[PDB]
Amino acid sequence: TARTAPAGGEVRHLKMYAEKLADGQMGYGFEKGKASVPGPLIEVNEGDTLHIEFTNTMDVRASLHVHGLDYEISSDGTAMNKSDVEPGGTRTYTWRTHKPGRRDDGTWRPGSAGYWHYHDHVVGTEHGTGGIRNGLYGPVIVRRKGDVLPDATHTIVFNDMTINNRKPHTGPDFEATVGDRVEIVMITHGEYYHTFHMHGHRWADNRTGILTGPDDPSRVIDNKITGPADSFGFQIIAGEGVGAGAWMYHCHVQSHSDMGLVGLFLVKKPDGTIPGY
Amino acid sequence: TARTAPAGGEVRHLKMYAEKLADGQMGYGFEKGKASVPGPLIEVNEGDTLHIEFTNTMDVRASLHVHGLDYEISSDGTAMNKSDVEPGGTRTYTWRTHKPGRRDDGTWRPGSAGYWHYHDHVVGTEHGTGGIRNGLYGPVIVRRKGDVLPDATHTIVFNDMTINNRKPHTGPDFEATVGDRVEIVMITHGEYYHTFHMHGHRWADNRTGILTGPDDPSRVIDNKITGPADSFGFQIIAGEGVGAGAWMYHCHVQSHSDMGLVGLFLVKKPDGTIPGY
Amino acid sequence: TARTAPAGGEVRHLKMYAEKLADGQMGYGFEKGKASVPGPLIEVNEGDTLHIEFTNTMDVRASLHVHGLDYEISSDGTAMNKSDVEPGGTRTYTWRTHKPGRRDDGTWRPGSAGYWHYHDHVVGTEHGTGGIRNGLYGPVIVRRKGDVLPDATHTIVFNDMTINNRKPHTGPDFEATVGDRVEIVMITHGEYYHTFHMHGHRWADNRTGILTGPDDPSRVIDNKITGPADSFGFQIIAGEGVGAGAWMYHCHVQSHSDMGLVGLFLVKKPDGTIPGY
Ligand SMILES: [Cu+2]
Ligand SMILES: [Cu+2]
Ligand SMILES: [Cu+2]
Ligand SMILES: [Cu+2]
Ligand SMILES: [Cu+2]
Ligand SMILES: [Cu+2]
Ligand SMILES: [Cu+2]
Ligand SMILES: [Cu+2]
Ligand SMILES: [Cu+2]
Ligand SMILES: [Cu+2]
Ligand SMILES: [Cu+2]
Ligand SMILES: [Cu+2]
């Protein structure tokens, strides 16, 4: 039986930094000098609270803003609500999450579980256009009790005309072995719509990207249109029914793939070999 | 227990007008001189019939065309089917709705319930491009028996590079008190794709925007890509788990929010105060 | 009771050709000299295997690449994996499909069923941009056991600024009689997003486009945003609740319908007459 996420309700503490990178980008990190684009994955269970001690090491104001999770207005990360951070400053952002349940009026409160993301909201403009462009974005996963857990999680961000702010034709590539349970968090940012496509693999267009059983009527897809700040995720069994191979993933807008918004899902046999690669 | 929509089947009569507005726009209204952009909300129960006595008070041909609801071709509101209205003329449009049910072949007929809209189809071009641009659009809600009813309904229309044809940076803003059940009808028109986003709140990507219980696998989202003539709706509990605040809603295409396609969901405490606002 | 698809598991063999057309386009066909744009419909049952003996009759390299179905890397139809076809050459592509079922870890493997498509991947660029533009695309339907079968299937492809590569304002038009069960396969290709809309009809936004019964919460829609390589399908009862008529279907992006990306769903009475047409 597959590993599943247990019941949440833990108070978690975390440090985060925003940093200017040597190449002109901006990234988040859990440690000073280890900022990355995309920023590090934040993964919690429904019911967890997260207190993020956020330090802005940059010479301009910056913030942390999160989609999907519960936060009071004092943690919304906007200039309007006095929620961003001065250069060199520190602020504790609090993100909460809740489980689904019956309200007293008999309606059903949805839980926080899903594939979400965080990003800056004040660099360049009051909607963080410059911060997002420079790399201040990262993924958030909230698990429901009983959600299937993967062997590994990869984050793919279509940010304007880049994947993960990389130069075109430089991937990123990811690797797995036939049979691995691989999780993809797929986020879009910027100005343009995209369509995310994976060769050789498919998933369900629902909350978890997988079906629980035969009663779920969700479309099974391998291609999905996205726009700025959309987030979704899914899991696949690497090579299931198709075998090892260099499986391309790309934006399917023809000029986007033509310019190099493409990467490789490298699915290996145990000996590491990939047929035709 | 929350208020729910009862079984439909009523024949309803309604007057509607299309009018040129003093500022050059065009709007629909239930009363001459009270046209609005967006036009007034039409809300019925599945099974209701609606006879709309429509008067075109303008100096150009205009029509009423509806998405989703049942109409015969004589009410489709197009020039092709001789269904538009001459200047100063009157025409009765008939919209019907039906409940879901079993067909005799054992398949399931879907009902009319959902978030829909109406708009002009002949001003400027034979697809109403000029009419839609000028403001001839409005929302339609069809309730299924047992659908949860809100405290209030707000209509948000991304029409080209405007919200509800307003100048950028002029909202609209909406207000609620913590705990209100607030309904949003979200319609898109024109030339451009958009992504609708709300701070501090989320909904289900399904027919009603809410989950009935734990078996619904729909994605819970706070960001949604839309294109011309898309319509969806949802309900939220204002401030649920997040408290009072000036909660922004905006298009998340970065240049769109930067140019001012943003508004405020003002969620107040009982004393009317909003923290940080 | 409606006709339904039986259990699959047949090995099927098929010949296909890619041909240059006299007008400069490129099309697939099951017979030399009978290539079409879109290419012919491939319809199988979950569990079927399809061996396609593909001949490239053109003077440039070409390939067959399929979405959704199972194929080994040797059938992915890309130059990278040595999977395309030299001018005048022949290659057997193998597509497999599987039924859903329980994995040994207790998770649910999704089946292949759905609305899919095939297209070239090497004409013009290594993502088939030139091949797709010229007409090398076609529909694939994989049926699950018990899926409702239609009276007829029509394929509508929004390819850049054309429907099915036709000149604007030339349809295509389709015909049915009131009460026919009509299936639509709706595919998008190229550079641009679109919104597909049908007058007088609606469907469910799920795998089959129809609801099985009252428990399915999928949105019922008549308008849907699509991007390059999206595919979906649905069935409607022609004229159900609305009667005979010339029912327009069009892209609802206003400049797209204005330029003529529109066609007619001609729903006739038994005597062939169409009111207002
Ligand atoms: Cu925002
Ligand atoms: Cu792209
Ligand atoms: Cu593909
Ligand atoms: Cu955002
Ligand atoms: Cu129309
Ligand atoms: Cu926008
Ligand atoms: Cu936000
Ligand atoms: Cu319309
Ligand atoms: Cu590809
Ligand atoms: Cu279009
Ligand atoms: Cu319409
Ligand atoms: Cu493709």
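Residues numbered from 1 in each chain as written, not as in the entry; some residues may be left out. Chains lettered and ligands numbered in written order. Heavy atoms only, no water.

1. Points about the coordination of the copper ion (ligand 10)
Residue and element names in this part refer to chain C. Protein-derived ligands of the copper ion (ligand 10) are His194 (ND1), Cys251 (SG) and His256 (ND1), with the metal-ligand distances lying across 2.1 to 2.2 Å. Sequence positions of the donors to the copper ion (ligand 10) reduce to the motif H-x56-C-x4-H. You'll find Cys251 and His256 in the same group, each marked buried. (Donors = N, O, S within 2.8 Å, 3.2 Å for Na, K, Ca; no water. Buried < 20%, exposed > 50% of the residue type's maximum accessible area, 1.4 Å probe, protein only.)

2. So, the relation of the copies chain C and chain A
Superposing chain C onto chain A takes a rotation of 120° combined with a translation of 0.0 Å along the rotation axis, leaving an RMSD of 0.0 Å. As the rotation angle and translation indicate, the two copies are arranged about a three-fold axis. Interface overlap between copies is the fraction of interface residues in one copy that are interface residues in the other; for chain C against chain A it is only 8%, indicating separate surfaces. (Least-squares fit on C-alpha atoms. Contact = heavy atoms within 4.5 Å.)

3. Considering the interface of chain C and chain A
Taken together, the contact pairs 48 residues of chain C with 44 residues of chain A. Counting the surface lost from both chain C and chain A, the interface buries some 3,500 Å², and carbon and sulfur atoms represent 52% of this. When the buried area of chain C at its contact with chain A is split by residue, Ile73, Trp108 and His127 of chain C rank highest and sum to 17% of it. For the interface between chain C and chain A, the tally reads 5 salt bridges. Of all the secondary-structure elements, those providing two or more residues to the side of chain C that touches chain A are β8 (108-109), β9 (114-119), α1 (129-134), β18 (223-226) and β19 (231-237) of chain C. If you tally residues by element for the side of chain C that touches chain A, the top one is β18 of chain C, at 3 residues. Its residues assigned to classes, the side of chain C that touches chain A shows 14 nonpolar, 20 polar and 14 charged. (Buried area = accessible area lost by both parts, 1.4 Å probe. Salt bridge = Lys/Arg side-chain N within 4 Å of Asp/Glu carboxyl O. Helix = DSSP H or I, 4+ residues; strand = E, 2+ residues; numbered from the N terminus. Nonpolar A, V, L, I, M, F, W, Y, C, P; charged D, E, K, R; others polar.)

4. Some remarks on the interface of chain C and chain B
On the side of chain B, 48 residues touch chain C, which itself brings 44 residues to the contact. A combined buried area of about 3,500 Å² lies between chain C and chain B, and 52% of that area is made up of carbon and sulfur atoms. On the chain C side of the interface with chain B, the three residues burying the most area are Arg202, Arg219 and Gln254 of chain C, jointly 18% of the side's total. At the junction of chain C and chain B, the tally comes to 5 salt bridges. Here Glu240 of chain C makes a salt bridge to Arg103 of chain B, at a shortest N to O gap of 2.6 Å. The interface formed by chain C and chain B includes 30 residue pairs in polar contact. Secondary structure elements with two or more residues in the side of chain C that touches chain B: β15 (194-198), β17 (220-221), β18, β20 (245-251), α2 (254-259) and β21 (262-268) of chain C. Across the side of chain C that touches chain B, the residue classes break down as 19 nonpolar, 18 polar and 7 charged. (Polar contact = N/O pair within 3.5 Å; in protein donor to acceptor, adjacent residues only side chain to side chain.)

5. A word on unusual backbone geometry
That bond from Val37 of chain A to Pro38 of chain A is cis: its omega, -5°, falls within 30 degrees of zero. Here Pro38 of chain A lies in the loop between β2 (26-29) and β3 (42-45). Positive phi, close to 50°, is recorded for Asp160 of chain B, a residue that is not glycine. Secondary-structure assignment places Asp160 of chain B in the loop between β11 (152-159) and β12 (162-163).

6. Considerations on the coordination of the copper ion (ligand 11)
Looking at the copper ion (ligand 11), one finds its protein donor set to be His65 of chain B (NE2) and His197 of chain C (NE2), positioned 1.9 to 2.0 Å from the metal centre. If you look at the copper ion (ligand 11) and the copper ion (ligand 5), they sit 4.1 Å from each other. You can see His65 of chain B sitting in strand β5 (residues 65-66) and its partner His197 of chain C sitting in strand β15, one on each of two chains. Grouping residues by exposure puts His65 of chain B and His197 of chain C together as buried.

7. Let's talk about the UniProt feature "binding site: Cu(2+) 5" (unreviewed entry) in chain A
All names here are of chain A. The positions UniProt marks with the feature "binding site: Cu(2+) 5" (unreviewed entry) are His194, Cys251 and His256. Spanning 63 residues, the named residues nonetheless gather at one spot, since no C-alpha pair among them exceeds 8.4 Å. By the element assignment, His194 lies in strand β15 (residues 194-198). The contact partners of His194, leaving out residues within four places of it in the chain, are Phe158, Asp160, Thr188, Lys224, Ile225, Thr226, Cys251, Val253 and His256. A polar atom in the side chain of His194 sits 3.3 Å from the backbone oxygen of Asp160. (UniProt positions renumbered as here; feature names shortened; annotations may be inferred.)

8. Things to note about the sheet that holds strand β13 (residues 174-177) of chain B
In a beta sheet, neighbouring strands pair by backbone hydrogen bonds and run either parallel or antiparallel. Residue and element names in this part refer to chain B. With mixed pairing, the 5 strands of this open sheet are ordered in space as β13-β21-β20-β15-β18. A single partner strand is all that each edge strand has here, and the edge strands are β13 and β18 (223-226). The average undirected angle you get between the axes of adjacent strands in this sheet is 20°. (Pairing = 2+ DSSP bridges. Axes fitted to C-alpha atoms, helices over the stretch in contact; angles between N-to-C directions.)

9. A closer look at the sheet that holds strand β13 (residues 174-177) of chain A
All names here are of chain A. Read across the open sheet, the 5 strands follow the order β13-β21-β20-β15-β18; overall the sheet is mixed. Of all the strands in the sheet, the pair left with one neighbour each is β13 and β18 (223-226). The mean angle between the axes of side-by-side strands here comes to 20°, regardless of whether they run parallel or antiparallel. Two elements, β15 and β18, share 4 bridges in a ladder whose sense is antiparallel. If you follow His194 over to β18, its bridge partner there is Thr226.

10. Quick word on the side chain of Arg219 of chain A
Among the secondary structure elements, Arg219 of chain A is positioned in the loop between β16 (203-204) and β17 (220-221). A distance of 2.8 Å separates the side chain of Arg219 of chain A from the side chain of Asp205 of chain C, its partner in a polar contact. Sequence-distant contacts of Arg219 of chain A, that is, excluding residues within four places in its chain, are made with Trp203, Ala204 and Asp205 of chain A together with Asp205, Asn206, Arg207, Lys224, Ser231 and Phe232 of chain C.

11. Considerations on the domain arrangement of chain A
How big an interface is tends to be stated in terms of the accessible area lost upon association of its parts. All names here are of chain A. Examined at the domain level, chain A breaks down into domain 1 (1-147) and domain 2 (148-277). Domain 1 puts 28 residues into the contact, and the matching count from domain 2 is 24 residues. Roughly 2,000 Å² is buried in total at the junction of domain 1 and domain 2, and carbon and sulfur atoms are behind 54% of that figure. The largest contributions to the domain 1 side of the interface with domain 2 come from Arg3, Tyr115 and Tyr137, which together make up 34% of the buried area. Seen at the junction of domain 1 and domain 2, the total is 3 salt bridges. A salt bridge links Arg143 to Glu183; the nearest nitrogen and oxygen atoms lie 2.7 Å apart. Breaking the side of domain 1 that touches domain 2 down by element, the ones donating at least two residues are β9 (114-119), α1 (129-134) and β10 (137-143). (Domains from an automatic or database assignment.)

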